[PDB]
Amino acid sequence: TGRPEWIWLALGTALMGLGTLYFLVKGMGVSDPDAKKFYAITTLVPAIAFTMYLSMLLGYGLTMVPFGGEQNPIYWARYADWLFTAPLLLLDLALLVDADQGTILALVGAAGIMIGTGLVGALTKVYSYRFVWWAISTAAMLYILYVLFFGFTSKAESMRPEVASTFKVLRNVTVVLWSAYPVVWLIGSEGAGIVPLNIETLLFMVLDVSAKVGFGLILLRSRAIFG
């Protein structure tokens, strides 16, 4: 096939794999229970992304959805990725500020809706309705971000400055990166079809890698992960 976006798929696979091994090696060396917890979660994130990026590279997770009078290429493998990686990243932040189970349940649930409606919209055949689902998915993300910024930040204040300061960084990187996904979707192949798939793939890999490996490097190198 040799699609124009394969090189970015290959780069995403490479970066996710390397980040996975590094976390794995670093994680199985630590003896602290709590640290192990964070390491197990943070290592699984890029591991899942690696498998999906590899699959897409190999030609899977791609489907032609008709709308706008075209046969549009929609990489659904991404949602198979985010469905598990998104909530896991949320869990890392939750464990960091000692969030409550109710909060975590609510966040993971909102994340489920976000990815769920997102995929449904990316698969919808009625052009205008694709944006209705997109809208609902974004509303769910805003809820998540609101909770992360107003709820979590507040409880991170009961933690030590080192833990609070580590969370602020992860929170910030998360808010900035996550906020970009809906925009890319809107102007990309799933939406207006303004930005070509090759470039679109480039944008998503940069966001995915930064939100997983970048997020992990920051979290796993901090002393805030220790019990």
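We number the residues from 1 along the sequence you see.
For the two regions 51-59 and 27-35, the entry's Cα B-factors average higher over 27-35. When the two stretches 163-171 and 176-184 are set side by side, the higher mean Cα temperature factor goes to 163-171. As recorded in the PDB entry, 153 shows the highest C-alpha B-factor of the residues 117, 138, 85, 153. Residue-level temperature factors show residue 203 in the lowest third of its chain, judged at the C-alpha atom.
In the PDB entry, a CA B factor belonging to the highest third of its chain's modelled residues is recorded for residue 219. Annotation for residue 77: C-alpha temperature factor in the middle third relative to the rest of the modelled chain, per the entry. Among the modelled residues of its chain, residue 142 has a C-alpha B-factor that falls in the lowest third, as given in the PDB entry. The entry lists a Cα temperature factor for residue 148 that places it in the lowest third of the chain's modelled residues.
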